[PDB]
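Asker: Below is one structure. I have some questions about it.
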Amino acid sequence: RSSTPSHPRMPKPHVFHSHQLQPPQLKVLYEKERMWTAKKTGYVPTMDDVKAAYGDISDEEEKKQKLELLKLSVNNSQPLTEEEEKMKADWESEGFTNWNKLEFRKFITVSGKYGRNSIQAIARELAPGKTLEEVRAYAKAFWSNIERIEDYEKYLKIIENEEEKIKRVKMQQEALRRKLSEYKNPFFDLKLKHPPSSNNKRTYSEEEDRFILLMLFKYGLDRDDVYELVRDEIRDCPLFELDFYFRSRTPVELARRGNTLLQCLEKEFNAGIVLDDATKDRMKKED
Amino acid sequence: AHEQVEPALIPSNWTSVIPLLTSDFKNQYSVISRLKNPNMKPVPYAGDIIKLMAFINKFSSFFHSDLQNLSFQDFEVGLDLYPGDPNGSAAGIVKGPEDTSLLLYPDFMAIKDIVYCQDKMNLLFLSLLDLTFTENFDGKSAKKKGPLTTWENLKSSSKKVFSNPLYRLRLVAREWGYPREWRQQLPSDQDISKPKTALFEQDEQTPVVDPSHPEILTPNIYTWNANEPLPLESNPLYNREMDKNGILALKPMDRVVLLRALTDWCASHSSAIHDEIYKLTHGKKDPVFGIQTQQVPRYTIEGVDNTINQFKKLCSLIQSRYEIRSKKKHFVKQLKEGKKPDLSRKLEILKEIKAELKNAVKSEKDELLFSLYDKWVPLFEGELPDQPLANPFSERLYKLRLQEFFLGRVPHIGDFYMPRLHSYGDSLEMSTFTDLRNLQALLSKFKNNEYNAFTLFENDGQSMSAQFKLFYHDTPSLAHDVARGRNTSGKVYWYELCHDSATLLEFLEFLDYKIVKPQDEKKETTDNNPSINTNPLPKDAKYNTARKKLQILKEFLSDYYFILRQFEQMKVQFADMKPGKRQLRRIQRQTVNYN
DNA sequence: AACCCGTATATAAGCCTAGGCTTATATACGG
DNA sequence: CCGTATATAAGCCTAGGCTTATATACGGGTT
DNA sequence: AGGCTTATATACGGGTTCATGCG
DNA sequence: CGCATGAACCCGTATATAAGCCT
């Protein structure tokens, strides 16, 4: 006997919006339960109880909806097989009880920034989350099932974007090398009159530009302190004691000019650094 | 041509008294030092100081009156800075020919003055400070017509006259970037910067999470040993002495070091000047000749002659280019309605001065220039924007990049600057920074004793600092140094050549020795003296181009002299003292007795 | 009498750096 | 016994500068 | 401008020329 | 009255800085 005077039962599994990526068939269980728990208590179904299958402002499909769900809970010819309860246990271990939402938000970001497969570089930035291993454990799983995540569309096209922003730079890195490896006396001869500038106030001298690159080559593209440095390198080289403007440019403004310059040189070797990249040999695939 | 196509009129070619250096006139190295002589003291702080002045100069509006009267000297005396030793300073200065012993500034001039020289420097200190951080005054605030930092600020008995500002600096010390000097040289002699040291992850990754996209963007992260300052236990920036005791606190040299880095700091955060260098650069029109690292005036590099010669060549070209257009079908018919305001009347003002050409005798061709210049100006409208005979120091663009101390440059030798003083804005009465035309005369009158220091004084003459120095700057070397690997660290490319009247002569006289073209090709000075100054210049083509330029330099400096001399004398007779109306009379009047 | 034009302004449309505002860990109260 | 909702700071949504590039007349007078 | 060749200084051991001390 | 032994300077190659020379 049991005196439990309530109104509704619990017609709903767990909040899978925070799906820690677990065997999708594990929902078929929490519904085989939801139903069994229902009749085991008796809490009759109602059109009212029709909230998950709502989306209806009193049509004439509800004529059967209630009396249908009714003979699905009342008719629970499956209060969980002794093997089913096994399949239950095993599946709710294969999942990721650990991962949550803050662990994800921070992950997905860095997982694109600090590389894409660069686990260590992204795992390390989740120390309180769970260990290096504990991270990788979600890793392969993530991609093994990326095509099964709420808004996986949006969450991917943001990771790829932070990659296309990283490869674009690393490629510029090379382009800068090639161009420099070319001029014997760069400080003078080095110039890229192909994608320079159109009708814009070229505050920076054709020379200065050169300099700022030669230093970019000195410390190499590194999305770090590079432009902070060159500013010093400018403040150092006494050849520009009097080029007030040059030291009148902050590592910011200065940096900007770079992001311009770079891209300029980019539209100069993307026809050779992508074709020379296309021909890369393997084991059984000759290019 | 159809109607004889007008002669080519290239604007850039006719630079408006503003060529440029591109610092490539030297893709031939010649660090050679054949110009040895007693009046050649190699001074390291030389460069830096110039910076200071020039900085004040190009911002005449942002400094008090007395702040614009500084001379290269004023700095020296101010901060116990003695030229000579190529290691920085040099306690003492040899007085007289034979005298192994040396003298300090006290032993030298008067103590009162020495104080002044300090006082001024320190004024400039708080000045720069208030200018940098105290940018709450965007020009038009509590101090509209009157620079923000004034003398009364420096003579407040307030304990923390410098502390408050100073404090605000250290707050942003690291961020702003410390000076090369004040960095703790990498505690290891193994590290650089192109390479990093901290190997984060011991190993890299191999079998990665995504097989299909092996993109291993970040194989490993590193750390960078960036330019760090010194421990607060040895970081002059945190010297407690300064707080309540001005700038004199730092070691003689260190005083300079801070000053310099202070200027660079200013024009890179100052809600004032930095915001103003924009409006300067981002002007609504770029220089016809283009944008460069450093621009200078025409006559600075072409010599007084050609700078006018080119003008004649041009002032005559434009005459044709006008009269071939003036004698054009389309144009003649449209003068019965006034095709243009100027391009109609200017046609007329030509045939009136052209009739003055064949007018007087032939020997008076030297008259046209200094007799028709004013009436020739109007013509330079429908053609060239700006032209050779102009004043550089009046046009926005031709400023930021223009170094108002360039005196020229000589092949296989180098550049020659003369750190002067005030040059822009008010009190431009006796500034030698003007139209070559003006300058020419303004100097000439001094050579003839038509303009005494008196006259110099009567017209805001105190506005220009009296004392001065000449400087040879080994740009050739400092170039081949950077261009090959930016090695520089503790080297020198600056040298003193003189520091007053007679000294200038000892250099001028010295100059000829090189200009002399060794006619000693038809073979077949003093003896035993090239022991303290070698003279003859290398007889060979490559060094001809040099002489020619060296010549003008003499020519100029020779003319400059007189006005320079008088400046010195001025500060000796007068010395901060308004003329007046009830006083002016008596002043000049006293000279009637003098004579 | 219609052609082509090098210049120069207006205006659209990208990255970066900078505030204002919800977005998820638990703990409170009542009946 | 639980249910309905703030406390408390971390992260994303959307705004403003600063540059870079594209489309419409300008008198030029020729052929 | 780019390469030669000849030349002038400048530094280092080798050793010639005077002058002290001694029998 | 001359012989055995130092100090200053004169003298000969090695090397670096620069002008002469040339096409």
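The chains in the structure tokens are called A, B, ... from first to last as shown; in each chain the residues are counted from 1, and the ligands are counted from 1 in the order shown.
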Given a cut-off of 12 Å, which residues of chain B touch chain E, counting only C-alpha atoms (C1' of nucleotides), written out as a VMD selection string?

Answerer: chain B and resid 27 to 29 530 to 531 541 to 542

Asker: For stretch 7-16 of chain D, list every protein, DNA or RNA residue within 12 Å, evaluated using only C-alpha atoms (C1' of nucleotides), and leave out those in the same chain fewer than 3 positions away; present the list as a compact mmCIF listing (two decimals) with N, CA, C and O atoms (P, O5', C5', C4', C3', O3' and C1' of nucleotides), in the first residue's frame.

Answerer:
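Contents of out.txt, freshly written:
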```
# COMPACT_ATOMS: atom_id res chain seq x y z
N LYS A 101 28.39 22.36 -19.04
CA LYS A 101 28.12 23.45 -19.96
C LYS A 101 29.23 24.49 -19.95
O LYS A 101 29.61 25.01 -21.01
N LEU A 102 29.76 24.80 -18.77
CA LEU A 102 30.89 25.71 -18.66
C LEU A 102 32.14 25.02 -19.18
O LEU A 102 33.01 25.65 -19.78
N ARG A 105 31.47 25.32 -23.19
CA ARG A 105 31.64 26.68 -23.69
C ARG A 105 33.12 27.05 -23.80
O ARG A 105 33.58 27.49 -24.85
N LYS A 106 33.86 26.86 -22.71
CA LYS A 106 35.29 27.19 -22.70
C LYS A 106 36.08 26.25 -23.62
O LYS A 106 37.03 26.68 -24.28
N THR A 109 35.62 26.85 -27.65
CA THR A 109 36.36 28.04 -28.04
C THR A 109 37.82 27.70 -28.30
O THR A 109 38.25 27.66 -29.45
P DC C 16 41.08 40.50 -36.37
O5' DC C 16 41.18 41.59 -35.21
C5' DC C 16 41.95 42.77 -35.43
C4' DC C 16 41.39 43.93 -34.63
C3' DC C 16 41.21 43.67 -33.14
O3' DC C 16 42.36 44.08 -32.43
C1' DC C 16 39.47 45.05 -34.09
P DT C 17 42.54 43.64 -30.91
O5' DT C 17 41.70 44.73 -30.09
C5' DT C 17 42.06 46.11 -30.15
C4' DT C 17 41.01 46.96 -29.46
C3' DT C 17 40.74 46.59 -28.01
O3' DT C 17 40.77 47.76 -27.20
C1' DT C 17 38.71 46.64 -29.23
P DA C 18 40.46 47.66 -25.63
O5' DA C 18 38.90 48.04 -25.56
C5' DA C 18 38.47 49.30 -26.05
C4' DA C 18 37.00 49.50 -25.75
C3' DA C 18 36.59 49.19 -24.30
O3' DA C 18 35.79 50.25 -23.79
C1' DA C 18 35.18 48.05 -25.81
P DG C 19 35.25 50.21 -22.28
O5' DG C 19 33.69 49.89 -22.48
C5' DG C 19 32.84 49.81 -21.35
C4' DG C 19 31.39 49.91 -21.80
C3' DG C 19 30.36 49.60 -20.73
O3' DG C 19 29.12 50.21 -21.07
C1' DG C 19 30.38 47.86 -22.33
P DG C 20 28.07 50.61 -19.93
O5' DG C 20 26.84 49.64 -20.24
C5' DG C 20 26.22 49.65 -21.52
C4' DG C 20 25.37 48.41 -21.70
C3' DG C 20 24.55 48.02 -20.48
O3' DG C 20 23.16 48.07 -20.80
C1' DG C 20 25.69 46.12 -21.39
P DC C 21 22.08 47.54 -19.74
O5' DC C 21 21.98 45.99 -20.10
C5' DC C 21 21.80 45.59 -21.45
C4' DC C 21 21.94 44.09 -21.59
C3' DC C 21 20.97 43.28 -20.74
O3' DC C 21 20.07 42.56 -21.59
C1' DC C 21 23.20 42.40 -20.62
P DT C 22 18.90 41.66 -20.97
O5' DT C 22 19.62 40.24 -20.82
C5' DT C 22 18.88 39.08 -20.45
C4' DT C 22 19.68 37.85 -20.84
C3' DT C 22 19.28 36.55 -20.14
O3' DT C 22 18.80 35.58 -21.10
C1' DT C 22 21.66 36.98 -19.89
P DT C 23 19.72 34.95 -22.26
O5' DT C 23 20.70 33.98 -21.45
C5' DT C 23 21.89 33.51 -22.08
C4' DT C 23 22.78 32.79 -21.08
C3' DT C 23 22.16 31.55 -20.44
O3' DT C 23 22.76 30.38 -20.99
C1' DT C 23 23.42 32.87 -18.87
P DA C 24 22.25 28.93 -20.53
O5' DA C 24 23.26 28.59 -19.33
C5' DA C 24 23.00 27.52 -18.43
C4' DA C 24 24.17 27.39 -17.46
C3' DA C 24 23.95 26.44 -16.29
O3' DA C 24 25.19 25.84 -15.95
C1' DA C 24 24.31 28.60 -15.46
P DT C 25 25.25 24.53 -15.02
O5' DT C 25 25.92 25.08 -13.67
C5' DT C 25 25.92 24.28 -12.50
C4' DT C 25 26.82 24.92 -11.45
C3' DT C 25 26.44 24.65 -9.99
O3' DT C 25 27.10 23.49 -9.50
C1' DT C 25 26.63 26.97 -10.33
P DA C 26 27.00 23.08 -7.96
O5' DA C 26 25.65 23.81 -7.50
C5' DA C 26 25.17 23.61 -6.17
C4' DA C 26 25.03 24.94 -5.44
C3' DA C 26 24.28 24.91 -4.11
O3' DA C 26 24.91 25.80 -3.19
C1' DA C 26 23.24 26.43 -5.54
P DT C 27 24.45 25.85 -1.65
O5' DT C 27 24.46 27.41 -1.31
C5' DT C 27 24.04 27.85 -0.03
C4' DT C 27 22.68 28.53 -0.10
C3' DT C 27 21.65 28.01 0.90
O3' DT C 27 21.59 28.86 2.04
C1' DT C 27 20.70 28.56 -1.24
P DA C 28 20.63 28.48 3.26
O5' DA C 28 19.30 29.32 2.95
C5' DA C 28 19.30 30.73 3.12
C4' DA C 28 18.10 31.37 2.44
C3' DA C 28 16.75 30.90 2.95
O3' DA C 28 16.40 31.59 4.15
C1' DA C 28 16.74 31.15 0.57
```

Asker: Show me, as a ChimeraX atom specification, every residue of chain B with an atom at most 6 Å from chain A, counting only C-alpha atoms.

Answerer: /B:194,208-209,216-218,267-268,291-293,483

Asker: Got a sec to tell me which of stretch 326-406 of chain B DSSP assigns to helix (DSSP H, G or I), as an MDAnalysis selection string?

Answerer: chainID B and resid 326 329:333 342:354 362:379

Asker: Pick out the chain D residues within 12 Å of chain B. Count only C-alpha atoms (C1' of nucleotides). Give them as a PyMOL selection string.

Answerer: chain D and resi 29-31

Asker: Using C-alpha atoms (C1' of nucleotides), can you export the residues from the last selection as a compact mmCIF listing (two decimals), in the first residue's frame?

Answerer:
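Done, and the output landed in result_20.txt:
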```txt
# COMPACT_ATOMS: atom_id res chain seq x y z
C1' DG D 29 39.49 69.64 -75.00
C1' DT D 30 40.11 66.45 -79.17
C1' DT D 31 38.78 64.05 -84.06
```

Asker: Kindly assemble as a Markdown table a list of the chain D residues that lie within 9 Å of chain A, each paired with its nearest atom pair and their distance in Å to one decimal, using only C-alpha atoms (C1' of nucleotides), sorted first by chain and then by ascending residue number.

Answerer:
```
| residue | atom | partner | partner_atom | distance |
| --- | --- | --- | --- | --- |
| D:11 | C1' | A:105 | CA | 8.6 |
| D:19 | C1' | A:200 | CA | 8.4 |
| D:20 | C1' | A:200 | CA | 8.1 |
| D:21 | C1' | A:198 | CA | 8.8 |
```

Asker: Can you list, as an MDAnalysis selection string, every protein, DNA or RNA residue that comes within 12 Å of stretch 340-347 of chain B when you count only C-alpha atoms (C1' of nucleotides), leaving out same-chain residues fewer than 2 positions away?

Answerer: chainID B and resid 318:327 331:338 349:354 375:383

Asker: Keeping only N, CA, C and O atoms, write the selected residues as a tab-separated table (two decimals), in the first residue's frame.

Answerer:
```tsv
chain	number	residue	atom	x	y	z
B	318	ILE	N	57.39	78.06	-67.43
B	318	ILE	CA	56.01	78.42	-67.18
B	318	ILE	C	55.56	79.56	-68.09
B	318	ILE	O	54.39	79.65	-68.47
B	319	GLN	N	56.50	80.43	-68.46
B	319	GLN	CA	56.21	81.54	-69.36
B	319	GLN	C	55.74	81.01	-70.71
B	319	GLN	O	54.76	81.50	-71.27
B	320	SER	N	56.45	80.01	-71.22
B	320	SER	CA	56.10	79.40	-72.49
B	320	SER	C	54.81	78.61	-72.37
B	320	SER	O	53.89	78.76	-73.18
B	321	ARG	N	54.74	77.76	-71.35
B	321	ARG	CA	53.57	76.90	-71.13
B	321	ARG	C	52.30	77.74	-70.95
B	321	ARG	O	51.19	77.23	-71.09
B	322	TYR	N	52.48	79.01	-70.63
B	322	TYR	CA	51.35	79.93	-70.52
B	322	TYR	C	51.02	80.57	-71.85
B	322	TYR	O	49.85	80.69	-72.21
B	323	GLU	N	52.05	80.98	-72.59
B	323	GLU	CA	51.84	81.72	-73.84
B	323	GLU	C	51.51	80.81	-75.03
B	323	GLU	O	51.02	81.29	-76.06
B	324	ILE	N	51.79	79.52	-74.90
B	324	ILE	CA	51.37	78.56	-75.91
B	324	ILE	C	49.90	78.23	-75.70
B	324	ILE	O	49.17	77.91	-76.64
B	325	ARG	N	49.48	78.33	-74.44
B	325	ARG	CA	48.08	78.14	-74.09
B	325	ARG	C	47.32	79.44	-74.32
B	325	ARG	O	46.15	79.43	-74.72
B	326	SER	N	47.99	80.55	-74.07
B	326	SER	CA	47.41	81.88	-74.27
B	326	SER	C	47.15	82.13	-75.75
B	326	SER	O	46.16	82.75	-76.12
B	327	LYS	N	48.06	81.64	-76.59
B	327	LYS	CA	47.90	81.77	-78.03
B	327	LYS	C	47.25	80.51	-78.60
B	327	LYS	O	47.78	79.86	-79.50
B	331	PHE	N	41.08	79.26	-76.34
B	331	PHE	CA	41.30	80.13	-75.19
B	331	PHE	C	41.05	81.60	-75.52
B	331	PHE	O	40.40	82.31	-74.76
B	332	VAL	N	41.58	82.04	-76.66
B	332	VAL	CA	41.44	83.44	-77.09
B	332	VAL	C	39.98	83.87	-77.21
B	332	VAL	O	39.61	84.97	-76.82
B	333	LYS	N	39.15	82.98	-77.75
B	333	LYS	CA	37.74	83.29	-77.97
B	333	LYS	C	36.98	83.39	-76.65
B	333	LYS	O	35.96	84.08	-76.57
B	334	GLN	N	37.47	82.71	-75.63
B	334	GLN	CA	36.78	82.65	-74.35
B	334	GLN	C	37.34	83.63	-73.32
B	334	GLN	O	37.09	83.51	-72.12
B	335	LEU	N	38.10	84.61	-73.80
B	335	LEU	CA	38.59	85.68	-72.95
B	335	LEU	C	37.68	86.90	-73.09
B	335	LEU	O	37.89	87.93	-72.44
B	336	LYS	N	36.65	86.77	-73.93
B	336	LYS	CA	35.66	87.82	-74.10
B	336	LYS	C	34.49	87.57	-73.15
B	336	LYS	O	33.37	88.02	-73.38
B	337	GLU	N	34.77	86.85	-72.07
B	337	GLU	CA	33.77	86.49	-71.08
B	337	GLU	C	34.45	86.17	-69.76
B	337	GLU	O	33.80	85.94	-68.75
B	338	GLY	N	35.78	86.17	-69.79
B	338	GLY	CA	36.56	85.81	-68.62
B	338	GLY	C	36.44	84.33	-68.31
B	338	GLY	O	35.67	83.93	-67.44
B	349	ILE	N	49.18	90.14	-66.90
B	349	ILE	CA	50.29	90.52	-66.03
B	349	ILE	C	51.62	89.96	-66.52
B	349	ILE	O	52.67	90.25	-65.95
B	350	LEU	N	51.58	89.14	-67.57
B	350	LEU	CA	52.81	88.62	-68.16
B	350	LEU	C	53.38	89.60	-69.18
B	350	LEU	O	54.54	89.99	-69.08
B	351	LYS	N	52.56	89.98	-70.14
B	351	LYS	CA	53.00	90.87	-71.22
B	351	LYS	C	53.44	92.23	-70.69
B	351	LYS	O	54.02	93.03	-71.42
B	352	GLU	N	53.16	92.49	-69.41
B	352	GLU	CA	53.56	93.75	-68.80
B	352	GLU	C	54.97	93.67	-68.21
B	352	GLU	O	55.70	94.66	-68.17
B	353	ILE	N	55.34	92.48	-67.74
B	353	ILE	CA	56.67	92.28	-67.18
B	353	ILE	C	57.62	91.79	-68.27
B	353	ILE	O	58.84	91.91	-68.13
B	354	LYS	N	57.06	91.23	-69.34
B	354	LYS	CA	57.86	90.79	-70.48
B	354	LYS	C	58.37	92.00	-71.26
B	354	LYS	O	59.44	91.95	-71.86
B	375	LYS	N	55.63	90.00	-58.20
B	375	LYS	CA	54.66	90.08	-59.28
B	375	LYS	C	54.67	88.82	-60.15
B	375	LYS	O	53.94	88.74	-61.14
B	376	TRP	N	55.49	87.85	-59.78
B	376	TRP	CA	55.56	86.61	-60.54
B	376	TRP	C	54.73	85.52	-59.87
B	376	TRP	O	54.25	84.60	-60.52
B	377	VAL	N	54.56	85.66	-58.55
B	377	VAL	CA	53.82	84.69	-57.75
B	377	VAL	C	52.50	84.25	-58.37
B	377	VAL	O	52.26	83.05	-58.52
B	378	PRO	N	51.63	85.21	-58.74
B	378	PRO	CA	50.28	84.90	-59.24
B	378	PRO	C	50.28	83.83	-60.32
B	378	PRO	O	49.32	83.07	-60.44
B	379	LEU	N	51.36	83.76	-61.09
B	379	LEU	CA	51.45	82.82	-62.21
B	379	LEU	C	51.51	81.37	-61.75
B	379	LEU	O	51.06	80.47	-62.45
B	380	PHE	N	52.07	81.14	-60.56
B	380	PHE	CA	52.22	79.79	-60.05
B	380	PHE	C	50.92	79.27	-59.42
B	380	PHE	O	50.92	78.74	-58.31
B	381	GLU	N	49.82	79.44	-60.15
B	381	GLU	CA	48.50	79.00	-59.71
B	381	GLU	C	47.92	77.97	-60.67
B	381	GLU	O	47.72	76.81	-60.31
B	382	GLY	N	47.64	78.41	-61.90
B	382	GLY	CA	47.08	77.55	-62.92
B	382	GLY	C	48.04	76.45	-63.35
B	382	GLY	O	47.71	75.64	-64.22
B	383	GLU	N	49.21	76.42	-62.73
B	383	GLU	CA	50.22	75.40	-63.01
B	383	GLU	C	50.63	74.66	-61.73
B	383	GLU	O	49.80	74.02	-61.09
```

Asker: For a quick test of understanding: name the residues of chain F lying within 10 Å of chain B when counting only C-alpha atoms (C1' of nucleotides), and present them as a PDB file with N, CA and C atoms (P, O5', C5', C4', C3', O3' and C1' of nucleotides), in the first residue's frame.

Answerer:
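Output contents, as saved in part_16.pdb:
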```
ATOM      1  P    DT F  17      91.866  48.190 -39.562  1.00  0.00           P
ATOM      2  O5'  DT F  17      92.099  49.579 -40.295  1.00  0.00           O
ATOM      3  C5'  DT F  17      92.858  50.561 -39.625  1.00  0.00           C
ATOM      4  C4'  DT F  17      93.211  51.647 -40.612  1.00  0.00           C
ATOM      5  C3'  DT F  17      92.027  52.154 -41.434  1.00  0.00           C
ATOM      6  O3'  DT F  17      92.077  53.573 -41.482  1.00  0.00           O
ATOM      7  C1'  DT F  17      93.772  51.587 -42.831  1.00  0.00           C
ATOM      8  P    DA F  18      90.863  54.415 -42.093  1.00  0.00           P
ATOM      9  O5'  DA F  18      91.604  55.208 -43.265  1.00  0.00           O
ATOM     10  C5'  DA F  18      92.537  54.515 -44.070  1.00  0.00           C
ATOM     11  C4'  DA F  18      93.112  55.412 -45.142  1.00  0.00           C
ATOM     12  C3'  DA F  18      92.097  55.964 -46.132  1.00  0.00           C
ATOM     13  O3'  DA F  18      92.694  57.010 -46.901  1.00  0.00           O
ATOM     14  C1'  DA F  18      93.344  54.359 -47.176  1.00  0.00           C
ATOM     15  P    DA F  19      91.814  58.150 -47.607  1.00  0.00           P
ATOM     16  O5'  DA F  19      92.652  58.456 -48.923  1.00  0.00           O
ATOM     17  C5'  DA F  19      93.982  58.906 -48.784  1.00  0.00           C
ATOM     18  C4'  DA F  19      94.786  58.411 -49.964  1.00  0.00           C
ATOM     19  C3'  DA F  19      94.327  58.947 -51.313  1.00  0.00           C
ATOM     20  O3'  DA F  19      95.469  59.243 -52.095  1.00  0.00           O
ATOM     21  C1'  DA F  19      94.379  56.630 -51.376  1.00  0.00           C
ATOM     22  P    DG F  20      95.289  60.012 -53.481  1.00  0.00           P
ATOM     23  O5'  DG F  20      95.757  58.906 -54.536  1.00  0.00           O
ATOM     24  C5'  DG F  20      97.036  58.311 -54.387  1.00  0.00           C
ATOM     25  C4'  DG F  20      97.262  57.259 -55.455  1.00  0.00           C
ATOM     26  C3'  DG F  20      96.820  57.673 -56.854  1.00  0.00           C
ATOM     27  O3'  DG F  20      97.862  57.402 -57.775  1.00  0.00           O
ATOM     28  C1'  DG F  20      95.819  55.601 -56.250  1.00  0.00           C
ATOM     29  P    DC F  21      97.753  57.934 -59.278  1.00  0.00           P
ATOM     30  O5'  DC F  21      97.004  56.712 -59.979  1.00  0.00           O
ATOM     31  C5'  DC F  21      97.544  55.404 -59.869  1.00  0.00           C
ATOM     32  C4'  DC F  21      96.594  54.388 -60.481  1.00  0.00           C
ATOM     33  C3'  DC F  21      95.877  54.835 -61.753  1.00  0.00           C
ATOM     34  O3'  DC F  21      96.491  54.244 -62.887  1.00  0.00           O
ATOM     35  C1'  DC F  21      94.460  53.556 -60.286  1.00  0.00           C
TER      36       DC F  21
END
```

Asker: As a list in words, please: the residues near residue D:25 (cut-off 12 Å, only C-alpha atoms (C1' of nucleotides), same-chain neighbours under 6 positions excluded).

Answerer: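 Selected residues are residues 5, 7, 8, 9 and 10 of chain C.
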
Asker: Write to file, as a PDB file, in the first residue's frame, the residues of the selection just made, with C-alpha atoms (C1' of nucleotides).

Answerer:
```
ATOM      1  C1'  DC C   5      39.441  60.135 -68.229  1.00  0.00           C
ATOM      2  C1'  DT C   7      41.011  62.684 -59.984  1.00  0.00           C
ATOM      3  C1'  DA C   8      38.322  62.834 -55.762  1.00  0.00           C
ATOM      4  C1'  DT C   9      33.900  62.522 -52.711  1.00  0.00           C
ATOM      5  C1'  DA C  10      30.237  59.828 -51.014  1.00  0.00           C
TER       6       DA C  10
END
```

Asker: Find the spatial neighbours of stretch 563-570 of chain B, counting only C-alpha atoms (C1' of nucleotides), within a cut-off of 12 Å - ignore same-chain residues fewer than 4 positions away - and output them as a ChimeraX atom specification.

Answerer: /B:69,71,73,418,420-421,430-432,439-458,460-470,499-505,556-559,574-577

Asker: Could you turn the residues from that selection into a file that holds C-alpha atoms, as a tab-separated table (two decimals), in the first residue's frame?

Answerer:
```tsv
chain	number	residue	atom	x	y	z
B	69	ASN	CA	64.82	79.55	-26.06
B	71	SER	CA	70.08	75.81	-27.17
B	73	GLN	CA	74.36	74.26	-24.90
B	418	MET	CA	72.80	72.31	-36.65
B	420	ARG	CA	69.02	75.47	-33.41
B	421	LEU	CA	65.84	76.46	-31.60
B	430	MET	CA	64.52	86.68	-36.92
B	431	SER	CA	64.13	82.96	-37.64
B	432	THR	CA	66.67	81.66	-40.15
B	439	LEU	CA	66.95	83.96	-45.57
B	440	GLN	CA	69.43	85.04	-48.24
B	441	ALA	CA	68.88	88.72	-47.47
B	442	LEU	CA	68.26	88.29	-43.74
B	443	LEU	CA	71.71	86.72	-43.49
B	444	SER	CA	73.29	89.16	-45.92
B	445	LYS	CA	72.47	92.21	-43.83
B	446	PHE	CA	74.34	90.69	-40.87
B	447	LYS	CA	77.40	90.03	-43.03
B	448	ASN	CA	77.41	93.74	-43.80
B	449	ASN	CA	76.76	94.93	-40.25
B	450	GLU	CA	73.42	96.37	-41.34
B	451	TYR	CA	71.71	94.38	-38.59
B	452	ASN	CA	73.27	94.35	-35.12
B	453	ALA	CA	72.32	92.14	-32.18
B	454	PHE	CA	70.50	95.26	-31.08
B	455	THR	CA	68.09	95.02	-34.01
B	456	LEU	CA	68.04	91.26	-33.48
B	457	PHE	CA	66.90	92.01	-29.94
B	458	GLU	CA	64.31	94.63	-30.85
B	460	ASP	CA	61.74	89.02	-30.35
B	461	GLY	CA	65.37	88.07	-30.86
B	462	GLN	CA	65.37	86.25	-27.55
B	463	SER	CA	62.92	83.85	-29.18
B	464	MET	CA	65.86	82.07	-30.81
B	465	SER	CA	68.47	80.50	-28.54
B	466	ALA	CA	71.86	82.14	-28.95
B	467	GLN	CA	74.37	79.38	-28.32
B	468	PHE	CA	74.63	76.57	-30.86
B	469	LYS	CA	76.65	73.58	-32.06
B	470	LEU	CA	77.49	72.06	-35.43
B	499	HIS	CA	80.33	75.59	-30.49
B	500	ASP	CA	80.64	79.33	-31.15
B	501	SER	CA	81.94	82.03	-33.49
B	502	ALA	CA	85.69	81.57	-33.87
B	503	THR	CA	85.30	77.82	-33.51
B	504	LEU	CA	83.09	77.84	-36.60
B	505	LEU	CA	85.95	79.52	-38.45
B	556	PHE	CA	76.40	78.68	-46.12
B	557	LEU	CA	78.13	78.33	-42.76
B	558	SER	CA	80.35	81.22	-43.85
B	559	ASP	CA	77.25	83.39	-44.27
B	574	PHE	CA	70.88	91.51	-23.03
B	575	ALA	CA	69.52	88.39	-21.33
B	576	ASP	CA	65.78	88.15	-20.83
B	577	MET	CA	64.54	91.75	-20.79
```

Asker: What does the structure give for the distance between atom CA of residue A:20 and atom CA of residue A:99, in Å to one decimal?

Answerer: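 Computed distance, atom CA of residue A:20 to atom CA of residue A:99, equals 5.9 Å.
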
Asker: Grab the atom CA of residue A:191 to atom CA of residue B:277 distance for me, in Å with one decimal place.

Answerer: 26.6 Å

Asker: Report as a ChimeraX atom specification all protein, DNA and RNA residues lying within 12 Å of residue C:31, evaluated on only C-alpha atoms (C1' of nucleotides), omitting residues in the same chain fewer than 3 positions from it.

Answerer: /D:1-3

Asker: Would you export the selected residues with C-alpha atoms (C1' of nucleotides) as a compact mmCIF listing (two decimals), in the first residue's frame, please?

Answerer:
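Full text of selection-v6.txt as output:
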```
# COMPACT_ATOMS: atom_id res chain seq x y z
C1' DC D 1 8.68 17.27 1.30
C1' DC D 2 9.37 20.48 -2.80
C1' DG D 3 8.47 24.37 -5.54
```

Asker: Excluding residue B:15 and residues on its chain fewer than 6 positions from it, collect all residues at most 8 Å away from it, counting only C-alpha atoms (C1' of nucleotides), and give them as an MDAnalysis selection string.

Answerer: chainID B and resid 288:289 298 386:388
